[PDB]
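Listing of target-v9.pdb, PDB, C-alpha atoms
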```
MODEL        1
ATOM      1  CA  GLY A   1       0.000   0.000   0.000  1.00  0.00           C
ATOM      2  CA  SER A   2       0.956   3.640   0.498  1.00  0.00           C
ATOM      3  CA  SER A   3       0.139   4.541   4.102  1.00  0.00           C
ATOM      4  CA  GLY A   4       2.097   1.554   5.377  1.00  0.00           C
ATOM      5  CA  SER A   5       2.854  -2.158   5.123  1.00  0.00           C
ATOM      6  CA  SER A   6      -0.494  -3.510   6.319  1.00  0.00           C
ATOM      7  CA  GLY A   7      -0.338  -7.253   5.734  1.00  0.00           C
ATOM      8  CA  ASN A   8      -3.906  -8.531   5.948  1.00  0.00           C
ATOM      9  CA  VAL A   9      -4.376 -12.193   6.864  1.00  0.00           C
ATOM     10  CA  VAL A  10      -7.796 -13.824   7.189  1.00  0.00           C
ATOM     11  CA  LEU A  11      -7.579 -17.498   8.146  1.00  0.00           C
ATOM     12  CA  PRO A  12     -10.641 -19.761   7.759  1.00  0.00           C
ATOM     13  CA  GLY A  13     -12.126 -20.811  11.086  1.00  0.00           C
ATOM     14  CA  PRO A  14     -13.271 -21.547  13.544  1.00  0.00           C
ATOM     15  CA  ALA A  15     -10.159 -22.802  15.332  1.00  0.00           C
ATOM     16  CA  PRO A  16      -7.876 -24.437  15.435  1.00  0.00           C
ATOM     17  CA  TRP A  17      -6.049 -22.341  12.842  1.00  0.00           C
ATOM     18  CA  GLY A  18      -2.649 -23.999  12.577  1.00  0.00           C
ATOM     19  CA  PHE A  19      -0.426 -21.064  13.502  1.00  0.00           C
ATOM     20  CA  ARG A  20       1.573 -20.603  16.705  1.00  0.00           C
ATOM     21  CA  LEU A  21       2.478 -17.569  18.813  1.00  0.00           C
ATOM     22  CA  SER A  22       5.636 -16.350  20.548  1.00  0.00           C
ATOM     23  CA  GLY A  23       6.537 -13.378  22.723  1.00  0.00           C
ATOM     24  CA  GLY A  24       4.097 -10.812  24.063  1.00  0.00           C
ATOM     25  CA  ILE A  25       3.692  -7.204  25.167  1.00  0.00           C
ATOM     26  CA  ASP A  26       4.303  -8.439  28.711  1.00  0.00           C
ATOM     27  CA  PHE A  27       7.528 -10.266  27.855  1.00  0.00           C
ATOM     28  CA  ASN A  28       8.745  -7.103  26.125  1.00  0.00           C
ATOM     29  CA  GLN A  29       8.546  -8.933  22.797  1.00  0.00           C
ATOM     30  CA  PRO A  30       6.271  -8.814  19.722  1.00  0.00           C
ATOM     31  CA  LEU A  31       3.712 -11.581  19.209  1.00  0.00           C
ATOM     32  CA  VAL A  32       5.220 -13.587  16.350  1.00  0.00           C
ATOM     33  CA  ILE A  33       4.476 -17.030  14.920  1.00  0.00           C
ATOM     34  CA  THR A  34       6.428 -19.993  16.290  1.00  0.00           C
ATOM     35  CA  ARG A  35       5.449 -22.462  13.569  1.00  0.00           C
ATOM     36  CA  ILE A  36       3.091 -22.802  10.605  1.00  0.00           C
ATOM     37  CA  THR A  37       1.095 -25.884   9.611  1.00  0.00           C
ATOM     38  CA  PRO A  38       2.618 -27.281   6.390  1.00  0.00           C
ATOM     39  CA  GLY A  39      -0.131 -27.630   3.803  1.00  0.00           C
ATOM     40  CA  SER A  40      -3.189 -26.241   5.571  1.00  0.00           C
ATOM     41  CA  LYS A  41      -5.293 -23.153   6.286  1.00  0.00           C
ATOM     42  CA  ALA A  42      -2.192 -21.823   8.039  1.00  0.00           C
ATOM     43  CA  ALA A  43       0.552 -22.108   5.421  1.00  0.00           C
ATOM     44  CA  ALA A  44      -2.015 -21.874   2.625  1.00  0.00           C
ATOM     45  CA  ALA A  45      -2.746 -18.423   4.047  1.00  0.00           C
ATOM     46  CA  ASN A  46       0.809 -17.258   3.354  1.00  0.00           C
ATOM     47  CA  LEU A  47       1.694 -17.694   7.028  1.00  0.00           C
ATOM     48  CA  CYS A  48       5.301 -17.958   8.207  1.00  0.00           C
ATOM     49  CA  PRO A  49       7.119 -18.216  11.565  1.00  0.00           C
ATOM     50  CA  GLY A  50       8.543 -14.749  12.128  1.00  0.00           C
ATOM     51  CA  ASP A  51       5.765 -12.316  11.245  1.00  0.00           C
ATOM     52  CA  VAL A  52       4.712  -9.697  13.793  1.00  0.00           C
ATOM     53  CA  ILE A  53       1.124  -9.796  15.046  1.00  0.00           C
ATOM     54  CA  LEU A  54       0.206  -6.106  15.011  1.00  0.00           C
ATOM     55  CA  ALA A  55      -3.458  -6.793  15.766  1.00  0.00           C
ATOM     56  CA  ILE A  56      -5.565  -9.878  16.476  1.00  0.00           C
ATOM     57  CA  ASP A  57      -8.996 -10.377  14.912  1.00  0.00           C
ATOM     58  CA  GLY A  58      -8.945  -6.698  13.998  1.00  0.00           C
ATOM     59  CA  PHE A  59      -7.846  -5.739  17.503  1.00  0.00           C
ATOM     60  CA  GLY A  60      -4.395  -4.298  18.130  1.00  0.00           C
ATOM     61  CA  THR A  61      -2.297  -6.005  20.793  1.00  0.00           C
ATOM     62  CA  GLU A  62      -1.389  -2.800  22.626  1.00  0.00           C
ATOM     63  CA  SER A  63      -2.693  -4.183  25.922  1.00  0.00           C
ATOM     64  CA  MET A  64      -2.950  -7.860  24.980  1.00  0.00           C
ATOM     65  CA  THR A  65      -0.292 -10.061  26.580  1.00  0.00           C
ATOM     66  CA  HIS A  66       0.690 -13.547  25.415  1.00  0.00           C
ATOM     67  CA  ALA A  67      -1.737 -15.093  27.902  1.00  0.00           C
ATOM     68  CA  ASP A  68      -4.469 -12.767  26.638  1.00  0.00           C
ATOM     69  CA  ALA A  69      -3.799 -13.670  23.005  1.00  0.00           C
ATOM     70  CA  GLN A  70      -4.846 -17.226  23.856  1.00  0.00           C
ATOM     71  CA  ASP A  71      -8.199 -15.925  25.094  1.00  0.00           C
ATOM     72  CA  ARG A  72      -8.449 -13.423  22.240  1.00  0.00           C
ATOM     73  CA  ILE A  73      -7.587 -15.894  19.479  1.00  0.00           C
ATOM     74  CA  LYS A  74      -9.789 -18.758  20.666  1.00  0.00           C
ATOM     75  CA  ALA A  75     -12.732 -16.395  21.138  1.00  0.00           C
ATOM     76  CA  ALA A  76     -12.222 -15.158  17.578  1.00  0.00           C
ATOM     77  CA  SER A  77     -14.848 -15.286  14.829  1.00  0.00           C
ATOM     78  CA  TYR A  78     -15.474 -17.761  12.009  1.00  0.00           C
ATOM     79  CA  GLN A  79     -12.360 -16.136  10.551  1.00  0.00           C
ATOM     80  CA  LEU A  80      -9.276 -14.769  12.308  1.00  0.00           C
ATOM     81  CA  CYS A  81      -8.044 -11.442  10.933  1.00  0.00           C
ATOM     82  CA  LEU A  82      -4.370 -11.158  11.878  1.00  0.00           C
ATOM     83  CA  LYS A  83      -2.618  -7.974  10.754  1.00  0.00           C
ATOM     84  CA  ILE A  84       1.080  -8.639  10.169  1.00  0.00           C
ATOM     85  CA  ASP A  85       3.815  -6.032   9.734  1.00  0.00           C
ATOM     86  CA  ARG A  86       5.313  -7.926   6.797  1.00  0.00           C
ATOM     87  CA  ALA A  87       8.751  -6.765   7.937  1.00  0.00           C
ATOM     88  CA  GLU A  88      11.151  -9.636   7.252  1.00  0.00           C
ATOM     89  CA  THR A  89      14.022  -7.399   8.357  1.00  0.00           C
ATOM     90  CA  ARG A  90      12.244  -6.817  11.669  1.00  0.00           C
ATOM     91  CA  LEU A  91      15.597  -6.988  13.459  1.00  0.00           C
ATOM     92  CA  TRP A  92      16.732  -3.376  13.817  1.00  0.00           C
ATOM     93  CA  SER A  93      13.828  -1.590  12.132  1.00  0.00           C
ATOM     94  CA  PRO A  94      13.279   1.879  13.654  1.00  0.00           C
ATOM     95  CA  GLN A  95       9.687   1.913  12.404  1.00  0.00           C
ATOM     96  CA  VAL A  96       6.890  -0.563  11.687  1.00  0.00           C
ATOM     97  CA  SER A  97       3.506  -0.719   9.956  1.00  0.00           C
ATOM     98  CA  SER A  98       1.453   1.570  12.193  1.00  0.00           C
ATOM     99  CA  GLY A  99      -2.048   0.819  10.949  1.00  0.00           C
ATOM    100  CA  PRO A 100      -4.098   3.220  13.098  1.00  0.00           C
ATOM    101  CA  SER A 101      -7.830   2.975  13.793  1.00  0.00           C
ATOM    102  CA  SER A 102     -10.259   5.476  15.313  1.00  0.00           C
ATOM    103  CA  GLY A 103     -12.553   4.420  18.141  1.00  0.00           C
TER
ENDMDL
END
```

Kindly return the structure encoded in the file as structure tokens.
Amino acid sequence: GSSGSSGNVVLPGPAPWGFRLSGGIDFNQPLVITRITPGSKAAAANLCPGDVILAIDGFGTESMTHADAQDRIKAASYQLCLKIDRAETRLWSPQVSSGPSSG
């Protein structure tokens, strides 16, 4: 896009999905994928272990810790809308797909 690198990802549900999670706002680390199901709704959705979960089911993870993600992902809808930052070089990146949203 233009505004930013908003990587939309809508996996077919309900759960399970096939993707894992790692880190958390509480552990001072971004919620990334630990592993992706080879040949399934997970991988078939262009999922890969390393992406940054900016928002879960259309809900930013500003105040959602790892433990919360488990209760926010399972209670998702027929389809999980995970917004990735699509920043492979997310090692020393000074910025990152913002993707704001009024309330």

What are the closest atom pairs, with distances in Å to one decimal, for all residues of range 25-64 of chain A lying within 8 Å of range 75-91 of chain A? Consider only C-alpha atoms, order rows by chain and residue number, and present the result as JSON lines.
```
{"residue": "A:50", "atom": "CA", "partner": "A:88", "partner_atom": "CA", "distance": 7.5}
{"residue": "A:51", "atom": "CA", "partner": "A:84", "partner_atom": "CA", "distance": 6.1}
{"residue": "A:52", "atom": "CA", "partner": "A:84", "partner_atom": "CA", "distance": 5.2}
{"residue": "A:53", "atom": "CA", "partner": "A:84", "partner_atom": "CA", "distance": 5.0}
{"residue": "A:54", "atom": "CA", "partner": "A:83", "partner_atom": "CA", "distance": 5.4}
{"residue": "A:55", "atom": "CA", "partner": "A:83", "partner_atom": "CA", "distance": 5.2}
{"residue": "A:56", "atom": "CA", "partner": "A:82", "partner_atom": "CA", "distance": 4.9}
{"residue": "A:57", "atom": "CA", "partner": "A:81", "partner_atom": "CA", "distance": 4.2}
{"residue": "A:58", "atom": "CA", "partner": "A:81", "partner_atom": "CA", "distance": 5.7}
```

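Going from CA of residue 71 in chain A to CA of residue 46 in chain A covers 23.6 Å.
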
Using the chain letters and numbers from the file, give me the residues hit by the PyMOL selection byres ((chain A and resi 45) around 12), as a PDB file with C-alpha atoms, in the coordinates of the input.
```pdb
ATOM      1  CA  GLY A   7      -0.338  -7.253   5.734  1.00  0.00           C
ATOM      2  CA  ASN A   8      -3.906  -8.531   5.948  1.00  0.00           C
ATOM      3  CA  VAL A   9      -4.376 -12.193   6.864  1.00  0.00           C
ATOM      4  CA  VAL A  10      -7.796 -13.824   7.189  1.00  0.00           C
ATOM      5  CA  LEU A  11      -7.579 -17.498   8.146  1.00  0.00           C
ATOM      6  CA  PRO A  12     -10.641 -19.761   7.759  1.00  0.00           C
ATOM      7  CA  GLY A  13     -12.126 -20.811  11.086  1.00  0.00           C
ATOM      8  CA  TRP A  17      -6.049 -22.341  12.842  1.00  0.00           C
ATOM      9  CA  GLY A  18      -2.649 -23.999  12.577  1.00  0.00           C
ATOM     10  CA  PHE A  19      -0.426 -21.064  13.502  1.00  0.00           C
ATOM     11  CA  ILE A  36       3.091 -22.802  10.605  1.00  0.00           C
ATOM     12  CA  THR A  37       1.095 -25.884   9.611  1.00  0.00           C
ATOM     13  CA  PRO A  38       2.618 -27.281   6.390  1.00  0.00           C
ATOM     14  CA  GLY A  39      -0.131 -27.630   3.803  1.00  0.00           C
ATOM     15  CA  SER A  40      -3.189 -26.241   5.571  1.00  0.00           C
ATOM     16  CA  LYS A  41      -5.293 -23.153   6.286  1.00  0.00           C
ATOM     17  CA  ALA A  42      -2.192 -21.823   8.039  1.00  0.00           C
ATOM     18  CA  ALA A  43       0.552 -22.108   5.421  1.00  0.00           C
ATOM     19  CA  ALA A  44      -2.015 -21.874   2.625  1.00  0.00           C
ATOM     20  CA  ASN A  46       0.809 -17.258   3.354  1.00  0.00           C
ATOM     21  CA  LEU A  47       1.694 -17.694   7.028  1.00  0.00           C
ATOM     22  CA  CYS A  48       5.301 -17.958   8.207  1.00  0.00           C
ATOM     23  CA  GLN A  79     -12.360 -16.136  10.551  1.00  0.00           C
ATOM     24  CA  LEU A  80      -9.276 -14.769  12.308  1.00  0.00           C
ATOM     25  CA  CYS A  81      -8.044 -11.442  10.933  1.00  0.00           C
ATOM     26  CA  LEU A  82      -4.370 -11.158  11.878  1.00  0.00           C
TER      27      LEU A  82
END
```

Expressed in Å to a single decimal, how great is the separation between CA of residue 1 in chain A and CA of residue 100 in chain A?
14.1 Å

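The two atoms in question, CA of residue 30 in chain A and CA of residue 49 in chain A, are spaced 12.5 Å apart.
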
Nearest candidate to residue 61 in chain A (options A:16, A:4, A:23, A:103; using all atoms listed in the file)
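Smallest distance to residue 61 in chain A is found for A:23.
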
So which residues get picked by the PyMOL selection byres ((chain A and resi 62-67) around 9) here, written as an NGL selection string?
:A and (21-27 or 31 or 54-55 or 59-61 or 68-72)

Around the point (1.6, 3.6, 2.9) (coordinates from the file), which residues reach within 10 Å if we count only C-alpha atoms? Answer as a PDB file with C-alpha atoms, in the coordinates of the input.
```
ATOM      1  CA  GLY A   1       0.000   0.000   0.000  1.00  0.00           C
ATOM      2  CA  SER A   2       0.956   3.640   0.498  1.00  0.00           C
ATOM      3  CA  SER A   3       0.139   4.541   4.102  1.00  0.00           C
ATOM      4  CA  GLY A   4       2.097   1.554   5.377  1.00  0.00           C
ATOM      5  CA  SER A   5       2.854  -2.158   5.123  1.00  0.00           C
ATOM      6  CA  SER A   6      -0.494  -3.510   6.319  1.00  0.00           C
ATOM      7  CA  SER A  97       3.506  -0.719   9.956  1.00  0.00           C
ATOM      8  CA  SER A  98       1.453   1.570  12.193  1.00  0.00           C
ATOM      9  CA  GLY A  99      -2.048   0.819  10.949  1.00  0.00           C
TER      10      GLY A  99
END
```
